[PDB]
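Below is one structure, written out as structure tokens; the observations come after it.
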Amino acid sequence: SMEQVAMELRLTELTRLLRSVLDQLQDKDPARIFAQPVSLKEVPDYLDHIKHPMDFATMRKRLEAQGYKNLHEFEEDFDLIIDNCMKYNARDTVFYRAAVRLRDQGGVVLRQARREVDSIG
């Protein structure tokens, strides 16, 4: 149907906008601490601690399959990255501190993204 196509164009354009959001958030992680999945070879107990691992490569795979229906879903995954790190790692660690800085800096990007998603519809 023509409606299915219109819906699909909306999803494509959301995907375009979320790709630019993802790029901007990942620039706030210049150490690449959150770029890839925590390695279960190197942290073999990880899944005992963290039930839903997340990272920027995994988000990018979902994004490119158009697997985010709305901004809320995308934000859910970003918050997992931060929240998983802040639980697994102690306050005094470069990992925790990186997550805090990513959260604080990302807030700005995500605030305007929400306005754009609502605005353009």
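Label zone (residue 12, point 7 Å along Cα-to-C-beta; backbone nitrogen cut-off 20 Å) within the stretch 38-62: 61-62.
Among the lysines of the stretch 1-90, pairs at least eight places apart or on separate chains and with Cα atoms under 21 Å apart come to 7. Distance between the pseudo-spin-label points of residue 64 and residue 31 (7 Å out from Cα toward the beta carbon): 2.7 nm. Computing FRET efficiency as 1/(1 + (r/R0)^6) for residue 2 and residue 116, where r is the C-beta to C-beta distance and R0 is 25 Å, gives about 0.45.
Kirkwood-type hydrodynamic radius, the chain: 15.4 Å, calculated from all non-identical alpha-carbon pairs. Each label was represented as a point 7 Å from its Cα along the Cα-to-Cβ direction; for residue 19 and residue 79 these points are 2.7 nm apart. Whole-Hz Karplus values for the stretch 104-120 come out as 5, 6, x, x, 4, 5, 5, 4, 6, 4, 4, 4, 5, 4, 4, 4, 5 Hz, taken residue by residue from phi with 6.51 cos²θ - 1.76 cosθ + 1.60 and θ = phi - 60°; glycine and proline positions read x.
Legend: ranking of residues 111, 10, 62 from fewest to most surrounding C-beta atoms inside 10 Å; resulting order 111, 10, 62.
Over the chain, DSSP H runs of length four or greater, each weighted -39,500 (n - 2.57), average out per residue to a 222 nm ellipticity of -23000 deg cm²/dmol.
Among 20, 119, a tally of other beta-carbon atoms within 10 Å of each Cβ gives an order, fewest to most, of 119, 20.
Remark: relative contact order (the chain) = 29 percent; criterion is Cα-Cα distance under 8 angstrom and separation of 6 or more residues.
Fewest neighbouring Cβ atoms within 10 Å first, the residues 94, 109 line up as 94, 109.
Neighbour counts are summed over all protein chains in view; Cβ atoms, including those assigned to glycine, are modelled from backbone coordinates with ideal geometry. No value in this document is a laboratory result; all are computed from the given coordinates.
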